[PDB]
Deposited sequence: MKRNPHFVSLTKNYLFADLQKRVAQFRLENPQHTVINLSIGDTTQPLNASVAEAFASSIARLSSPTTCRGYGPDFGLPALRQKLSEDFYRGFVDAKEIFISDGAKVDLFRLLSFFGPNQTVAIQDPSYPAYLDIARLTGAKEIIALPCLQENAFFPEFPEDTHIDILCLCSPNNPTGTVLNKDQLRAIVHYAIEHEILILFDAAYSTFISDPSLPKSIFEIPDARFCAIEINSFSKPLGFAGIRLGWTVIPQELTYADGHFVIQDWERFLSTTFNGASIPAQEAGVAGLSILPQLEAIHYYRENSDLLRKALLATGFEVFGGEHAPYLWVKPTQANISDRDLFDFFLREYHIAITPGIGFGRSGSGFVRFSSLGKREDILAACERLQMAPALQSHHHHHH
């Protein structure tokens, strides 16, 4: 039994070395990192009760409520597959397409994409620089065949959203070069400008070249819900005219036994209270707060309105600078990749107390 080839090519680590600084400066606000909702839990329990009394791609009620409330009718229930989270789905996806794909990803990169690409067999991996001069529109190589394009919108780490016009461009480019697009919209719920697309299926032609994955986990309010979903259009087709959706059903039947039903039952209630939650207006606040603190204290601030990420311009100068000069841990850009250089990712997903404390250490 020889070891895995696809394996041998593989942060943070940033967190250990920060406990370090604390064990060495004991007299630090951690913004480099991250309670279950009342209605959600009641549904959970009621689901459990249902099970302890006498008497597949997802609970029909959940596939439905997604269609109608979450996707606002743009997606059909039968196009929606419930799984236990966005990451496993991304793994099952890339795994499903087979090895030797060449796969392009945004740079700066959410690093789980790179790994799973490497792990699932990619022939090459192409970083698509995304930079504010270009409004973060990724820069495609002329001219290199790409097979799969991973997108992450709203974006981790830029906290940026590809808008309507931008996605239309990407989709046209995609169909033009026969690129399958994998579209990760796990942060979509954080969008606060009701114009911007929330799903890639709001974009002309997306159904002939695109899949979406999404989850609860981070809307937030959803702690302990092992639950996500994948969307495959009926229209989506391999080179030879076979339907992706069909291969996906076989695949799923063979390798998955579905999400937990109580968690499914719990998603349904979550969809109900979904668009209310100051439980996200709370974070929009953190982001505002940071932003102005940051702009007041001289910085260039990007992101933060439609995701819990501030992308901030003032390389190992960076981590240790912020810790020392401000007592704020962050994640330095270049960690997420090569066009990360010169930037820092602040995370907005914390207690207001600390958010305020950090905003203070930006005065003097």
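| Sequence order list of spans that the model leaves without C-alpha positions, deposited numbering | Those stretches are 11-15, 33-34, 42-45, 67-73, 333-338, 389-400, listed in order.
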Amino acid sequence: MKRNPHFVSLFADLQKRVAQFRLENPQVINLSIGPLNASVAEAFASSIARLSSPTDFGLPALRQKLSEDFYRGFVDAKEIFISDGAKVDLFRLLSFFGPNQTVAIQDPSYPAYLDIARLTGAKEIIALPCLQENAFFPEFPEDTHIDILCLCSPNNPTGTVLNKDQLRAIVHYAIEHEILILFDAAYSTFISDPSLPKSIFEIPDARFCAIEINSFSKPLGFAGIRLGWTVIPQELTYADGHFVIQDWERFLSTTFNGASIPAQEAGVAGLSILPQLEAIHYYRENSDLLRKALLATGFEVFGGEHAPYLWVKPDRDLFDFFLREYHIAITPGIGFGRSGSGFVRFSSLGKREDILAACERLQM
From here on, numbers count along this sequence of modelled residues.
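| Per the entry, where is the mean C-alpha temperature factor higher: 56-64 or 327-335? | Per the PDB record, 327-335.
| said: Comparing average C-alpha B factors as deposited, tell me which of 249-257 and 69-77 sits higher. | reply: The stretch with the larger mean CA B-factor is 249-257.
| said: Out of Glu176, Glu235, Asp107, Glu142, whose C-alpha atom has the biggest B factor in the entry? | reply: Largest recorded C-alpha B-factor: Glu142.
| request: Could you check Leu149, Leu274, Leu90, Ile126 and tell me which one carries the biggest Cα B-factor in the deposited entry? | output: Most elevated C-alpha B-factor of the set, per the entry: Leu274.
| Relative C-alpha B-factor of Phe216, binned into the chain's lowest, middle or highest third | Its C-alpha B-factor belongs to the middle third of this chain's values.
| task | Determine, from the deposited record, the chain-internal third of the Cα B-factor for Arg226: lowest, middle or highest. | result | Middle third of the chain for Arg226's C-alpha B-factor.
| Which third, lowest, middle or highest, does the CA B-factor of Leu119 fall in along this chain? | Middle third.
| request: Using the B-factor values recorded in the entry, state whether the Cα atom of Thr297 falls in the lowest, middle or highest third among the modelled residues of its chain. | output: Its C-alpha B-factor, which the entry lists for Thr297, ranks in the highest third among residues of this chain.
| Ranked by Cα temperature factor within the chain, is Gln101 in the lowest third, the middle third or the highest third? | Middle third, going by the recorded CA B-factors of the chain.
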